[PDB]
Amino acid sequence: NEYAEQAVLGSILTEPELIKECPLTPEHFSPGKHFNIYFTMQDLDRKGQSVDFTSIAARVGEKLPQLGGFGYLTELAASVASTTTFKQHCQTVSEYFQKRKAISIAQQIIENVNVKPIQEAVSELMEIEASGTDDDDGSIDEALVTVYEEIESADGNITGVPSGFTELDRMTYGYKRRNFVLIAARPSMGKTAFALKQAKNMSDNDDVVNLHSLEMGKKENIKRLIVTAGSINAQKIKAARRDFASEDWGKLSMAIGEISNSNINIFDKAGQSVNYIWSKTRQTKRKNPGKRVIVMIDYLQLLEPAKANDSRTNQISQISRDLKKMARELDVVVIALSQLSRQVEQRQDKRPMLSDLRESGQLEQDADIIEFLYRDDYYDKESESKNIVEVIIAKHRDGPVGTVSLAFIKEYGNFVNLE
Amino acid sequence: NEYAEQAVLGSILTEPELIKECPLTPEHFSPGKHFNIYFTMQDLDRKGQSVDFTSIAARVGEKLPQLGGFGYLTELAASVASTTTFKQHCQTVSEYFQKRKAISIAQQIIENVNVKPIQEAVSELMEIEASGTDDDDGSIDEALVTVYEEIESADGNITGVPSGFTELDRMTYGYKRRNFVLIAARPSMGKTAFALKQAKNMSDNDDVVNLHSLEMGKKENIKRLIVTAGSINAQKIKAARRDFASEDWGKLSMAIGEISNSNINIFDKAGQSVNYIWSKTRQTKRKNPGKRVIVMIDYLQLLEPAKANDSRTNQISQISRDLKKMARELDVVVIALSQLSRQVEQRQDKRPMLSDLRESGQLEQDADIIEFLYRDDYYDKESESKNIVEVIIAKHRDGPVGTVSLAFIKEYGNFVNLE
Amino acid sequence: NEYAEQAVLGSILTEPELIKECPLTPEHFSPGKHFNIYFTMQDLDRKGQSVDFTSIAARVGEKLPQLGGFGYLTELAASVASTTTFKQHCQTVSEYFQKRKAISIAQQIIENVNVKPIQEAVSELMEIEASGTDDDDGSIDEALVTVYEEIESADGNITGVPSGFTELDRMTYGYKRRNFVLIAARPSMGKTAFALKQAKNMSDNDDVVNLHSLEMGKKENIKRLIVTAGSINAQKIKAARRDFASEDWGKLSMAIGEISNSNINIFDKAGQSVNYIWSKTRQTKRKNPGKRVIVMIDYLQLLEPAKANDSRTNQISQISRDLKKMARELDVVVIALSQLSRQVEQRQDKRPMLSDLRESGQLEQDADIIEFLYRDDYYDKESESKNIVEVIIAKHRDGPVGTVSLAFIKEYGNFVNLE
Amino acid sequence: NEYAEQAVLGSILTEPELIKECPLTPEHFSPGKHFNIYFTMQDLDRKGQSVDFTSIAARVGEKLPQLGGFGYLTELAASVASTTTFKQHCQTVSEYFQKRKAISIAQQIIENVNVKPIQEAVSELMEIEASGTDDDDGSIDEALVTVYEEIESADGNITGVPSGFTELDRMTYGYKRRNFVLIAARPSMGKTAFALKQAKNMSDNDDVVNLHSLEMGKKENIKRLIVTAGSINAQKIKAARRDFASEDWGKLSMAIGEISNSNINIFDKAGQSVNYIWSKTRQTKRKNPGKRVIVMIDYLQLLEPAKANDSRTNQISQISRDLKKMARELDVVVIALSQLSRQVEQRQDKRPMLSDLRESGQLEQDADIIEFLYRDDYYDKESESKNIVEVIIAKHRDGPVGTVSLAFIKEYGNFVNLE
Amino acid sequence: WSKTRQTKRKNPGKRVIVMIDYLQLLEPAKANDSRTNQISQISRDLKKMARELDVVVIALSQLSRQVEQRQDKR
Amino acid sequence: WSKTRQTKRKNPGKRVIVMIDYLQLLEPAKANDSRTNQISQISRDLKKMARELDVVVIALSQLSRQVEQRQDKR
């Protein structure tokens with residue numbers, strides 16, 4: 001493969017520090033040019049210098065033409081649009097390298113065998129396993145050095161996006177940028193109102209919240225954001241309002257302002273693919289420079305899969321995996337509401353655990369902060385925890401676990417701090 | 001169209017992040033080149049990578065010429081002057097795609113028709129609808145600027161279709177238009193009479209109720225509506241009536257009027273598919289303009305599935321999911337009576353919960369207002385709640401939960417309001 | 001289709017009142033004649049008159065030849081053998097109409113598309129659905145009046161064929177004429193003896209009972225009818241009898257009379273198709289004028305299906321559907337004994353419900369009076385209900401449900417009334 | 001034959017109700033016309049309609065000419081003088097159908113034989129039998145008059161084949177001739193010894209017992225028949241015997257005589273198909289005229305199915321159904337030992353019921369006298385029923401159910417009577 | 001397994017221990033299978049590895065939530 | 001099976017017994033199959049061996065963990 005080969009050579013001529021980020025030998029590259037382009041390129045690194053046109057053409061002054069001339073070094077560097085695909089190309093060059101030797105060690109056996117052909121299948125076995133050199137594994141460093149950084153160094157207060165619950169942020173220090181949190185729970189636990197709360201709290205810390213409600217309407221989501229903001233009674237407004245409530249118009253003419261003075265964006269298209277949300281995320285991130293973006297989803301299961309004709313358990317995987325990628329590659333907080341197996345209500349302890357994520361397999365694995373919601377006063381009419389939702393962080397990849405308690409005001413869809 | 005088709009392919013080969021900002025399938029593009037130019041282009045994206053000449057030509061190393069050779073990819077990327085018209089061109093391509101399938105589904109009917117051409121106009125219908133797919137919305141505030149004018153329009157009461165139980169409507173404010181409510185319960189709880197009550201109550205609020213009794217006959221449903229309307233004794237009429245009851249003919253010659261002066265429509269075909277009900281719903285909605293329509297079903301389980309040879313647990317899902325769509329896309333209240341697992345009677349608290357919806361999985365998820373019925377005087381001969389059914393709203397999507405009590409008159413199949 | 005078209009036009013020219021019983025438009029008919037034969041035919045009904053040769057030719061006097069001349073009208077009238085097929089043909093005429101418009105709206109899209117082809121799929125959608133209203137649909141009152149006709153004529157004795165159990169006939173008022181009742185139950189519950197009882201009871205009310213025993217012999221069915229009629233001990237006779245029982249010869253020389261003086265007919269051909277039973281029912285009904293006929297079947301599953309090479313679950317459907325048709329079209333009580341899923345015995349409450357009808361799907365739907373049998377003293381050696389079979393009516397289309405208890409005399413295969 | 005073929009098709013087009021009065025398939029009629037004339041004629045009936053020229057020509061609108069054109073249907077209808085010879089002709093067509101398939105199944109063997117040609121003669125035999133057709137209708141008389149006989153001929157004792165247990169035969173009166181009894185039970189209950197007991201008891205009543213032991217050897221079955229007959233201790237003989245037991249040689253030199261003086265026949269081929277047993281039954285019945293034959297099977301599950309590649313649950317059905325046929329068509333008592341679900345031992349009452357016949361579905365249905373065995377002193381070391389097997393008749397088609405108790409002598413494999 | 005051979009190959013002569021922070025978070029072989037069979041598929045496979053690869057296999061696990069509904073939480 | 005023929009061949013005239021320390025740890029024939037069918041595949045095959053090879057086959061097994069939730073642990 002010459003195409004990916006050029007990108008590698010060029011991207012290195014562009015960033016004379018990438019020869020280090022990806023290890024190779026001229027043996028990988030095509031004969032002649034690409035070969036000499038790296039042989040001389042690698043030598044200048046082992047001799048402890050820099051690798052650029054100027055230096056390369058300065059090394060082999062007389063034998064410069066054997067590298068395609070100078071006019072080629074420049075053509076290679078020009079061919080590379082962006083040095084972001086370097087990894088992906090440095091792998092395509094590596095895959096084809098194993099490919100080349102896999103044959104060279106296969107037709108090696110044939111000629112070698114014909115002395116019993118036993119030690120052959122033995123010697124030709126150890127070589128084939130040497131082709132099992134991983135690019136992804138578990139080494140020593142790279143981490144220890146970055147284990148440093150500002151973190152260990154200095155800091156106070158929340159680094160990332162605050163949830164709005166003092167006792168929760170004292171564990172996460174704000175949902176990061178690449179994280180993919182999961183807010184799952186049984187029906188009628190505040191699964192939605194808990195989301196619409198964090199939605200505003202983030203919009204108050206001057207962040208952008210993209211609410212993708214595939215289940216509800218652009219309206220009800222606001223109607224809820226108001227009844228939660230002004231602390232007005234949920235039942236009052238609905239229909240009574242006009243000739244039933246008074247002095248609340250003060251709390252109303254205030255909430256109506258707050259919601260319009262917020263950074264809440266609501267998308268309510270019926271069928272939303274993970275790719276759809278993706279597009280609307282770039283767009284919102286482009287129109288809004290400098291500021292962080294959070295993408296909420298009101299139902300992981302109501303999302304539209306990529307392959308219509310596929311097993312359900314694979315669709316949720318297709319979704320989950322894709323959702324994570326988005327957070328990582330787009331650098332935005334991805335919060336996805338989910339549902340828990342109906343099997344939770346057939347136990348003595350109605351408290352959700354990870355296994356309760358029914359179909360979704362590749363789910364719990366791609367999630368960074370799985371947090372279940374639990375209202376005890378739903379299964380028990382006589383609970384010692386009257387009106388208390390307990391947010392259960394069952395998984396934190398870069399932090400600790402534990403249960404956080406919040407006071408749930410059923411009437412305003414509001415959550416209160418404790419402790 | 002090839003012209004706008006080039007622009008799309010090219011503008012993507014220039015901005016390898018645009019494949020996301022506009023969803024397509026190779027099916028949109030011309031045969032061979034443009035097709036393979038996207039197929040391979042799309043694949044690289046699904047594998048979580050980038051999409052540029054270098055990467056594309058790197059993928060299909062031997063089969064590159066089938067994409068017009070490398071000399072074509074560059075020509076496509078040079079053809080695009082600016083990636084600003086991408087939206088306009090990605091639409092031109094999208095319009096021509098529908099056009100391609102509109103014909104493919106038109107000349108589909110023709111050949112298909114030539115059994116009865118009914119299932120044709122049905123199968124050729126569900127396909128054509130999978131083409132109205134591109135709401136050019138995607139904003140934040142647009143229908144959000146209109147959520148203030150219906151808070152002042154909060155005149156008085158009940159916005160949607162009233163249940164007829166003062167204490168219930170003070171929670172739902174009338175079953176909405178897209179909702180899918182579920183009236184489940186054990187046998188002998190009033191499951192049916194409770195339905196036939198709401199049936200009329202709505203026909204009094206001048207709404208249309210489509211009662212689909214798959215279990216009973218068009219007669220018994222009326223015979224019950226009468227014994228409920230006139231408050232006449234249920235046992236009397238049956239047979240005795242003639243020479244057993246007197247001065248009830250006043251209550252009879254009145255009820256017989258009410259029922260005939262009502263908007264109750266009863267369908268009693270033995271085997272009813274969700275699609276059958278669908279057809280009868282459009283028809284009723286067409287003949288009756290301006291007025292709201294409610295669709296009641298006397299047995300979610302007695303409905304005829306779509307795929308005869310399928311797992312039972314998948315049939316109830318096929319039904320449930322379909323039933324919801326109907327309510328959403330046809331804009332009518334869908335009320336479906338259901339039955340609860342026989343497993344409820346092997347507990348100490350005979351009070352139904354969500355997990356009691358046995359086979360049905362995708363059920364509780366597609367339901368908006370799951371409401372179980374419970375008569376305490378059935379499991380207990382000495383109950384402190386003599387003749388009291390308690391309607392248990394276990395799930396409300398746009399509202400609160402809780403239990404509502406009503407007085408059940410076993411003899412008249414009537415339900416009375418309380419404090 | 002001209003053949004069916006003629007039938008429709010003719011049968012109308014024969015029954016100038018059928019134009020109402022089947023709604024059409026000239027559009028449905030072929031061009032020229034058939035078209036004008038209806039357009040002028042319909043016109044005459046709209047102007048509130050009568051449709052006959054005399055009248056039609058009276059209308060279009062000068063333009064009569066454009067209807068094929070008078071000679072044609074007469075020919076059409078003569079073509080109709082019996083106005084019985086009118087429905088069937090008026091449907092063939094209707095089906096072809098949809099097909100004509102289906103193409104018309106299909107080749108409509110093609111020319112319409114080539115503006116954005118969106119409103120096309122939309123306009124071409126409304127039309128494709130607006131192709132259903134042609135035959136019988138949804139209504140009400142035409143039955144209300146009938147629901148009332150049977151109220152004042154509620155004399156009080158049994159209208160149809162009596163079961164022979166006072167407490168059962170007080171629910172059914174005699175199995176009607178078009179009904180298809182289902183006597184299902186587990187093995188060793190009296191499933192057969194309960195049938196052979198109703199068998200005689202009907203032959204005593206002077207009705208004819210055709211007993212199709214596919215499992216047993218023409219003899220055992222009699223041997224049982226005797227041991228049940230004379231109340232003689234079942235074990236005595238068998239082999240002992242001669243030199244073991246005395247003074248029973250009175251009860252024997254009485255029973256043998258009763259059975260030969262009865263209207264019981266027993267068919268015991270090994271393989272009986274639903275069509276076989278059909279033929280034997282016509283024959284019996286023909287030979288016996290004026291009197292009602294009841295057809296019993298000792299095993300719904302031992303019936304021979306129509307399509308040998310077909311899925312079992314479809315065979316029981318093929319049978320069930322056909323069996324009902326017989327009862328409807330031949331106007332006879334059809335009682336079929338059935339068996340319940342072996343799965344009943346793996347529960348705590350051995351009491352049968354409808355779901356226990358295993359394979360049979362189209363079964364519970366086509367049945368009018370599903371009645372299960374249950375002997376409690378089979379599963380419990382110490383039952384408070386010693387020798388008590390409880391007949392459980394789980395489905396009554398034109399009546400109520402509930403459980404009826406009878407005293408089962410194991411020794412005589414006799415059933416006794418209670419309360 | 002075409003002449004009688006026309007009369008049938010014609011007399012039906014004349015009387016559209018005769019298609020029912022005589023069953024046929026298009027396969028009976030000549031190719032092309034007559035074939036299609038019935039294929040489309042039959043379809044219209046299955047869809048619940050009529051069958052006349054007008055209706056048929058209406059069905060196949062375009063494809064009418066393939067039925068000989070309209071001008072042929074009429075010709076057929078006109079060719080029928082009187083619809084009185086319909087039966088006579090419907091038989092002439094039928095005879096010619098058997099003749100057609102008799103050849104097709106004859107020249108079938110020829111080509112088929114060309115694996116051992118055994119399963120050929122077998123599969124070619126089952127087909128040739130599906131052609132024997134002799135019967136009419138039914139009355140009662142001719143059979144009624146026979147129900148007498150067995151009263152006058154009822155001398156008082158066992159009619160059929162005696163089990164050998166006084167308290168069991170007082171319920172069955174000897175296993176009949178067409179019956180298919182089932183002796184199922186858990187391992188270690190005497191399932192086998194109970195069989196080998198009835199085996200001899202029948203051989204003493206001068207009947208023939210064919211013991212098919214697929215699990216054991218021809219030897220062990222005898223070794224058991226001896227230890228049971230002479231009442232010698234089972235452990236003694238085994239190996240000790242020679243120099244361990246004395247004065248038993250009297251009981252031995254007597255039993256060895258009994259077994260050799262018995263009518264017991266033992267087959268022990270490893271893989272036995274139901275058809276294998278069939279052949280060996282005819283042979284034994286042919287060689288032994290006038291006497292009754294019983295066919296025992298030591299493991300219903302160890303029998304070799306007919307279709308190797310089929311679902312297990314269908315194999316036991318294939319066996320069970322076949323096993324019954326044999327008993328019926330060969331007129332011999334079929335006793336088949338079986339095993340019960342391992343699920344029996346996970347309950348409080350270890351007493352077997354019908355639902356415990358695991359895989360086998362069409363089993364309990366084809367069985368006439370299912371009798372489970374239960375030793376209480378196996379699950380309970382301290383039972384009040386020391387050494388007591390209880391034979392549980394759970395199903396009796398022509399008799400009553402109930403439990404019979406017998407004393408089990410573990411040491412001699414002997415069963416003793418009680419009461 | 002693969003990452004164990006690799007580590008054992010790169011490091012000759014020395015013993016290798018394989019720790020697992022959650023026996024239940026391991027990905028089973030057959031996705032569509034009963035949960036109780038998956039943990040069996042894992043467990044059985046995990047042992048084979050230790051045996052056939054000759055390395056110490058330590059697997060952290062979790063105990064039924066049913067432990068906390070007794071008097072002795074042991 | 002193979003190791004049984006071999007041992008029976010090298011050792012003429014004498015009887016052979018084949019013990020197995022775990023019926024469940026044996027490797028099935030069809031990797032992609034239901035667990036309950038694998039033990040059936042093994043069991044059935046194990047018997048055939050004893051019969052056709054004419055050797056005593058002793059197989060150690062394990063009992064359901066369900067035994068310890070009863071009063072009689074027998």
# chains A, B, ... in the order shown; residues from 1 in each chain; ligands from 1

call {"tool": "closest_atom_pairs", "arguments": {"of": "chain D", "to": "chain B", "cutoff": "12 Å", "atoms": "only C-alpha atoms", "output": "tab-separated table"}}
result
residue	atom	partner	partner_atom	distance
D:43	CA	B:115	CA	11.8
D:47	CA	B:115	CA	11.7
D:59	CA	B:115	CA	10.2
D:60	CA	B:115	CA	10.9
D:61	CA	B:114	CA	11.5
D:62	CA	B:114	CA	10.3
D:63	CA	B:114	CA	11.7

call {"tool": "select_by_dssp", "arguments": {"residues": "range 206-379 of chain B", "states": "alpha helix (DSSP H)", "output": "PyMOL selection string"}}
result
chain B and resi 218-229+234-238+249-260+274-287+312-330+362-366

call {"tool": "atom_distance", "arguments": {"atom1": "CA of residue 19 in chain E", "atom2": "CA of residue 55 in chain E"}}
result
10.6 Å

call {"tool": "residues_around", "arguments": {"residues": "range 56-64 of chain F", "least_positions_apart": "3", "cutoff": "8 Å", "atoms": "only C-alpha atoms", "output": "ChimeraX atom specification"}}
result
/F:16-24,46-47,49-50,67

call {"tool": "closest_atom_pairs", "arguments": {"of": "chain E", "to": "chain A", "cutoff": "12 Å", "atoms": "only C-alpha atoms", "output": "tab-separated table"}}
result
residue	atom	partner	partner_atom	distance
E:2	CA	A:132	CA	9.6
E:3	CA	A:137	CA	7.6
E:4	CA	A:137	CA	10.9
E:5	CA	A:129	CA	10.0
E:6	CA	A:132	CA	8.2
E:7	CA	A:138	CA	9.4
E:9	CA	A:130	CA	9.7
E:10	CA	A:130	CA	10.2
E:24	CA	A:355	CA	9.1
E:25	CA	A:365	CA	8.1
E:26	CA	A:365	CA	9.8
E:27	CA	A:361	CA	8.9
E:28	CA	A:361	CA	10.3
E:30	CA	A:361	CA	11.8
E:31	CA	A:361	CA	8.4
E:32	CA	A:313	CA	9.0
E:33	CA	A:359	CA	11.9
E:35	CA	A:355	CA	9.7
E:64	CA	A:353	CA	11.5
E:65	CA	A:349	CA	8.7
E:66	CA	A:349	CA	9.2
E:68	CA	A:349	CA	10.6
E:69	CA	A:349	CA	9.9

call {"tool": "write_last_selection", "arguments": {"atoms": "N, CA, C and O atoms", "output": "compact mmCIF listing (two decimals), in the first residue's frame"}}
result
# COMPACT_ATOMS: atom_id res chain seq x y z
N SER E 2 -4.62 -14.16 25.43
CA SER E 2 -3.64 -13.65 24.47
C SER E 2 -2.62 -12.73 25.14
O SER E 2 -1.42 -12.86 24.91
N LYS E 3 -3.11 -11.81 25.97
CA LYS E 3 -2.25 -10.87 26.67
C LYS E 3 -1.40 -11.55 27.73
O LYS E 3 -0.45 -10.96 28.25
N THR E 4 -1.73 -12.80 28.05
CA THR E 4 -0.95 -13.56 29.03
C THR E 4 0.22 -14.27 28.36
O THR E 4 1.33 -14.26 28.88
N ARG E 5 -0.04 -14.89 27.21
CA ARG E 5 1.02 -15.53 26.43
C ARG E 5 2.08 -14.49 26.10
O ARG E 5 3.27 -14.70 26.32
N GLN E 6 1.62 -13.36 25.57
CA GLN E 6 2.48 -12.26 25.16
C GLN E 6 3.39 -11.79 26.29
O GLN E 6 4.59 -11.62 26.09
N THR E 7 2.80 -11.58 27.46
CA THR E 7 3.56 -11.14 28.63
C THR E 7 4.52 -12.23 29.10
O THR E 7 5.62 -11.94 29.58
N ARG E 9 5.82 -14.52 27.11
CA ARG E 9 6.83 -14.67 26.07
C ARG E 9 7.92 -13.61 26.18
O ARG E 9 9.11 -13.91 26.14
N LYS E 10 7.49 -12.35 26.34
CA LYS E 10 8.42 -11.23 26.48
C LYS E 10 9.24 -11.36 27.76
O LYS E 10 10.36 -10.84 27.84
N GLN E 24 -17.45 -10.70 36.89
CA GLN E 24 -18.74 -10.52 36.24
C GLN E 24 -18.68 -9.51 35.09
O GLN E 24 -19.51 -9.55 34.18
N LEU E 25 -17.70 -8.62 35.13
CA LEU E 25 -17.53 -7.63 34.06
C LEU E 25 -16.78 -8.19 32.86
O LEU E 25 -16.62 -7.50 31.85
N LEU E 26 -16.31 -9.43 32.97
CA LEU E 26 -15.68 -10.10 31.85
C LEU E 26 -16.71 -10.38 30.76
O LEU E 26 -17.87 -10.65 31.06
N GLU E 27 -16.28 -10.30 29.51
CA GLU E 27 -17.17 -10.55 28.38
C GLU E 27 -17.22 -12.04 28.08
O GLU E 27 -16.20 -12.66 27.79
N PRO E 28 -18.43 -12.63 28.14
CA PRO E 28 -18.63 -14.05 27.90
C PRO E 28 -18.31 -14.44 26.45
O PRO E 28 -18.01 -13.57 25.63
N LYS E 30 -20.49 -16.70 24.52
CA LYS E 30 -21.77 -16.70 23.84
C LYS E 30 -22.67 -15.59 24.38
O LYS E 30 -23.16 -15.68 25.51
N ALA E 31 -22.87 -14.56 23.58
CA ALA E 31 -23.69 -13.41 23.97
C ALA E 31 -25.12 -13.83 24.31
O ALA E 31 -25.65 -13.46 25.36
N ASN E 32 -25.74 -14.59 23.41
CA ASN E 32 -27.09 -15.10 23.63
C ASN E 32 -27.10 -16.42 24.38
O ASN E 32 -27.19 -17.50 23.78
N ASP E 33 -26.99 -16.33 25.71
CA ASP E 33 -26.99 -17.50 26.57
C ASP E 33 -27.47 -17.08 27.96
O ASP E 33 -27.51 -15.89 28.26
N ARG E 35 -27.45 -16.23 31.82
CA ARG E 35 -26.43 -15.57 32.65
C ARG E 35 -25.66 -16.56 33.52
O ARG E 35 -24.44 -16.47 33.65
N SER E 64 -23.53 -12.36 46.38
CA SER E 64 -24.96 -12.07 46.34
C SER E 64 -25.34 -10.99 47.34
O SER E 64 -24.85 -10.98 48.47
N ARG E 65 -26.20 -10.07 46.91
CA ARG E 65 -26.71 -9.01 47.77
C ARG E 65 -27.51 -9.61 48.92
O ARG E 65 -27.94 -8.90 49.84
N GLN E 66 -27.69 -10.93 48.88
CA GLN E 66 -28.48 -11.65 49.87
C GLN E 66 -27.74 -11.84 51.19
O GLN E 66 -28.31 -12.28 52.18
N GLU E 68 -26.52 -9.50 53.08
CA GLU E 68 -26.82 -8.42 54.02
C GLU E 68 -28.19 -8.57 54.69
O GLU E 68 -28.59 -7.71 55.48
N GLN E 69 -28.89 -9.65 54.37
CA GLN E 69 -30.19 -9.91 55.00
C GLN E 69 -30.10 -11.08 55.99
O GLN E 69 -31.03 -11.86 56.13

call {"tool": "interface_residues", "arguments": {"of": "chain E", "to": "chain F", "cutoff": "10 Å", "atoms": "only C-alpha atoms", "output": "PyMOL selection string"}}
result
chain E and resi 29-30+33-34+37+40-41+44-45+47-48
